[PDB]
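Presented below is the structure to which this report refers.
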DNA sequence: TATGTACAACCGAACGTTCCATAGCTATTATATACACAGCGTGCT
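In structure tokens form, the structure reads like this:
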């Protein structure tokens, strides 16, 4: 996990857990210990940048979109939505995985790709209820979650996003 | 001269299983906090 993060190609805890069979508690405690060790030998003996921070959600979006087979235009829109999604306090505390998945789902229905949430959550191993629950929060601020140029050109209109 | 007799020469070792010794992890209780996930139950169609 540290090695992936240092290379700017960071992965998620679940993705690494798919190969190495270790439950979450031991994983977290070991990671905290090793980070302290690296920091300790960075001062006495660099190590981290803006990347070392846990969330760094923008890095996950390109791979998650690839798993769904979306075009690059949707991926860029998802990155913009996820980047601006941190201004909302009702969602900012959520896990970076959900922040990226809900942003991807918002754009999937914005460009009208026929992929249902039942498969988006099944592909990225995220509960469908969580996806739709988060989508509701990412509906009161849609004007701030869509790139101005895309709406200006005419590629996407905000009336294609269903409203509850 | 002839015949006898005598003499001289030409099984190891690799692997597996059991037996001490030390240290560490596991489980439980309480509490605030918050997220995600897996259930159960009730109304709707």
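In the deposited numbering, the protein residues as written are 177 to 221, 224 to 342. C-beta: ideal position from N, C-alpha, C; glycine also.
Item	Value
Alpha-carbon to alpha-carbon, residue 270 and residue 204	21 Å
Alpha helix (DSSP H) segments (min. 4 residues) lying fully within the stretch 235–264	239–246 and 250–262
7 Å Cβ shell around residue 263 - same chain, five flanking residues per side excluded	269, 277, 281, 316 and 323
Simplified DSSP assignment, three categories, for residue 232	coil
Separation of residue 194 from residue 259, as counted between CA atoms	28 Å
Check whether residue 178 and residue 210 have beta carbons under 8 Å apart	yes
Close Cβ partners of residue 314 (< 7 Å) along its chain, the five nearest in sequence each way excluded	342
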